[PDB]
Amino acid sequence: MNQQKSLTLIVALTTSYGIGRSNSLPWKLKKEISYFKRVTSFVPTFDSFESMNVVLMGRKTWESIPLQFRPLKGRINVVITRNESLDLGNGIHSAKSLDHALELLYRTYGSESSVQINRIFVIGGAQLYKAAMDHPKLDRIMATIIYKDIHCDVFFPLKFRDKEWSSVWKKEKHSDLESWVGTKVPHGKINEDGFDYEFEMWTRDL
C-alpha cells in the first residue's frame, strides 16, 4: 500500500559536491530559489484542483529555513527527526525516517482524503540525502550545478555526475527536463552572483 510512488531529490551543489557551510547555503541565489519553488510546487493544472506535492526535509534543514519562509507554502511539508517531541506547529508533519514519512503520507492522504499527493521531493540536507540515495524508490535528481568550488563543510553523499556512477545515472536532455517539470526552464548558464550555475535532470532505472 506504499512502495508505489518514485521519489525525486532536488539539490543545488558545487562541482565538488558541496551543498552547505556553517548550517546554511554557501550562496545567496534568489532565482535559484525561485526554480526550487517552481519545481517543488508544480502540479499539472487539471490535477491541481485537489493534488499537491510533498517536500521531505531533515530537521537541520527545517531549522535553517528563515521563519518567514517556513513552512514552504503550497506543498505538504514533512520534517524527518527522531525528536518525537519537537513541535512543528500548524500540523506540519513529523516522521522518524524516510520510510515512516512515506507511510504517514499514504495513511494521511489516502482515498479517504480530500487532498491527494502528486509528487514527493527530498529537499536536503546531507543526512536525509544519504538515506534518499539508498532508497529503492529514488529515481530522479533535479540538480543545480554551481561552477565554483565554494568552500563547504557538508557534501552530497554520492558522486552521481562522475564516471564511476555513469552506467547508473544519466543526464537527460533539457527538453525532457522541461516536459517533466511541466514548464519552460532556463537553459544553460546563469550568473546571479559571480559564478555560473545551470539546471540539470538526472535519472536512473529502479
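Here, rigid core means the biggest group of C-alpha atoms that superpose within 1.5 Å across both forms. Quick note: we count residues from 1 along the sequence shown, nothing fancier.
- Between stretches 64 to 72 and 138 to 146, greater average Cα displacement in 7 other deposited structures of this protein relative to the shown form, fitted by the core, falls on 64 to 72.
- Looking at 93 to 101 and 76 to 84, the one farther from the shown form in 7 other deposited structures of this protein by average CA distance, after a rigid core fit, turns out to be 76 to 84.
- Of the two stretches examined, 82 to 90 and 129 to 137, the record assigns the greater average C-alpha temperature factor to 82 to 90.
- Higher mean CA temperature factor between 164 to 172 and 39 to 47: 39 to 47, per the PDB entry.
- Per the deposited record, 115 carries the highest C-alpha B-factor of all listed residues (76, 123, 115, 102).
- Sorting the modelled residues of the chain by their CA temperature factor places residue 201 in the lowest third.
- The entry lists a Cα temperature factor for residue 119 that places it in the lowest third of the chain's modelled residues.
- Sorting the modelled residues of the chain by their CA temperature factor places residue 67 in the highest third.
- Residue 3: CA B factor in the highest third of modelled residues in this chain (values from the PDB entry).
- Sorting the modelled residues of the chain by their CA temperature factor places residue 185 in the highest third.
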